[PDB]
Amino acid sequence: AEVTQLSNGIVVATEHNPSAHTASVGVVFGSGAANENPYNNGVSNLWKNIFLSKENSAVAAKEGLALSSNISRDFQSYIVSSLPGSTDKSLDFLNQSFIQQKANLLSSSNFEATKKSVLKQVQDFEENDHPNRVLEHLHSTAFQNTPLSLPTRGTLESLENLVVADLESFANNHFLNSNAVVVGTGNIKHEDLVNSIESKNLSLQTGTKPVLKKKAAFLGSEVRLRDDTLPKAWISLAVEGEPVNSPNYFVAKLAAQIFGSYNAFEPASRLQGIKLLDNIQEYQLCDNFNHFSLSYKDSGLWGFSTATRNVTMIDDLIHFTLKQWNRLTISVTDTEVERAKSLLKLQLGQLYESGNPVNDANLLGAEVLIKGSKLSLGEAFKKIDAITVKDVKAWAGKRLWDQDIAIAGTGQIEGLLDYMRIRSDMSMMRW
Amino acid sequence: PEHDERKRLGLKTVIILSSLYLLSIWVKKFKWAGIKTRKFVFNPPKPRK
Ligand SMILES: CCCCCCCCCCCCCCC(=O)O[C@H](COC(=O)CCCCCCCCCCCC)COP(=O)(O)O
């Protein structure tokens with residue numbers, strides 16, 4: 001369980017694990033949805049699809065190879081999965097028709113059948129997936145007129161005005177040699193991957209992608225999409241957070257574990273050691289909530305997201321939650337810090353030590369593009385054990401005490417009050 | 001006989017109440033800024049609900 005980087009001109013990272021039964025080989029680029037303009041939006045969502053299109057995936061299934069991809073902010077990936085005695089066939093699939101001869105994939109009939117399939121995925125997303133299209137509007141209203149707000153799927157009219165000339169224009173500027181990391185996880189040695197790459201002269205050409213005119217900036221705002229024919233209400237709310245390679249990275253994750261997540265229909269979820277659950281369950285204010293801490297290379301977001309069916313007591317759920325956030329500055333206790341230490345080490349252990357080599361290839365590729373090297377699970381555990389009560393109160397008085405918020409909501413949100421009745425709840429006025 | 005005493009307490013009350021009246025106009029316009037700049041877009045729904 002140790003990571004090895006070795007740059008011969010191309011960065012190659014690999015974590016061997018000889019108790020695995022499969023092996024993944026792919027390439028991860030360092031340009032995501034936060035490297036686009038508002039007219040070619042969601043053009044990386046058309047590069048994932050045509051890699052998974054039916055004529056391209058029929059060729060891979062004839063050698064026992066599975067394809068997988070993922071589009072986010074700040075990175076994308078294209079993974080090829082196989083059996084551990086067959087990884088040399090995995091490099092030859094990435095070399096042909098994605099790197100070298102990538103012209104036959106961009107036909108006129110293969111592109112037109114693909115675009116009308118991506119046009120119906122985003123249309124069904126906009127009408128059915130309500131807790132996830134509200135979290136998208138939270139990024140759209142907090143970082144407006146700034147790169148970090150464009151949706152990773154694109155929009156329905158930015159997807160329609162997209163021709164085949166736009167994809168090679170995106171690939172020429174972003175799929176370069178220095179903006180790239182080649183990953184391999186699972187049952188594969190580090191030295192058999194390096195020799196098999198330099199058994200040929202696998203490379204790319206130019207490097208030095210464009211340099212991202214406007215920086216990221218947080219703005220206090222709100223957006224309301226009321227729909228009275230939906231049976232619920234969904235609401236997200238956040239403040240500014242801690243970015244990647246920030247010195248308060250683990251301190252913001254420990255603070256969200258203090259309040260955690262909840263499900264009203266699970267019996268063991270109702271018995272958690274969270275002080276907010278005493279006010280929630282007396283009048284049954286919600287169905288579920290969850291606290292998060294997102295982090296990027298520019299900034300972050302710290303907050304929570306809920307879904308309720310009590311549409312006349314919405315303003316009590318917002319009042320009681322924002323009152324408990326005040327206690328991280330004034331009156332947090334030592335048994336709440338020690339409980340969140342144990343649960344954070346279990347949550348970090350199930351994300352970084354799962355059984356899917358496709359999952360560990362997106363995690364390894366991001367941390368080597370943005371830092372150059374990987375941080376161990378033993379070193380992250382040593383950092384979490386050294387947080388005190390003073391560090392949480394120093395972080396909380398800087399980041400959430402009397403600060404601006406961003407709100408987003410849909411459904412039966414008539415009982416949601418306006419901005420200044422919610423903004424004033426970010427300081428208890430008892431200290 | 002209260003004439004000279006009256007106009008001296010009328011000076012203190014008018015100075016105090018004019019600086020309270022000017023500050024309430026500033027305070028009101030700060031708390032009313034989010035309502036005056038609120039926007040509204042209408043897209044007609046698809047018609048078979
Ligand atoms: C409940 C009674 C309400 C009175 C309504 C006032 C109507 C205006 C007419 C002025 C008559 C008041 C006499 C003041 C006075 O002689 O003080 C004078 C001068 O002091 C002042 O300027 C007081 C300013 C008055 C503004 C009151 C602030 C309003 C905040 C709430 C107050 C109600 C609880 C006495 O001065 P001195 O006692 O220091 O010698």
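Every chain is numbered from 1 and lettered A, B, ... according to where its sequence line falls, protein lines coming before strand lines. First listed ligand is number 1; within each ligand, the first listed atom is number 1.
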What are the polar N/O contacts of ligand 1 with the protein below 3.5 Å, with distances?
unit_1, atom_1, unit_2, atom_2, d
ligand 1, 22 (O), B:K12, O, 3.3
ligand 1, 36 (O), B:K12, NZ, 3.2
ligand 1, 39 (O), B:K12, NZ, 3.2
ligand 1, 40 (O), B:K12, NZ, 3.2

Report the C-alpha distance between A:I413 and A:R224 in whole Å, list the side-chain angles of each, state the deciding distance to 0.1 Å, and finish with yes or no for side chain to side chain contact (heavy atoms under 4.5 Å, CB included). CA-CA 8 Å; A:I413 50 155; A:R224 288 166 192 255; 4.1 Å; yes
Residue pairs passing the salt bridge (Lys or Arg N to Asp or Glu O under 4.0 Å) test where at least one lies in residues 338-348 of chain A, sequence neighbours excluded: A:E338-A:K341, A:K345-A:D385
In terms of side-chain heavy atoms, does A:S44 have a donor or acceptor partner in A:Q76 at a distance below 3.5 Å? yes
If you look only at pairs with a residue in residues 141-157 of chain A, which of them pass as a side-chain hydrogen bond (donor to acceptor under 3.5 Å, both in side chains), with sequence neighbours excluded? A:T141-A:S221
Does A:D227 have any side chain to side chain donor-acceptor pair (under 3.5 Å) partners at least two apart in sequence or in another chain, and if so, which? A:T229
Set out, in order, the CA-CA distance, both residues' side-chain angles and the distance that settles ring pair (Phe, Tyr, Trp, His ring centres under 6.0 Å) for A:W431 and A:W401, then state yes or no. CA-CA 11 Å; A:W431 235 1; A:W401 186 271; 7.5 Å; no
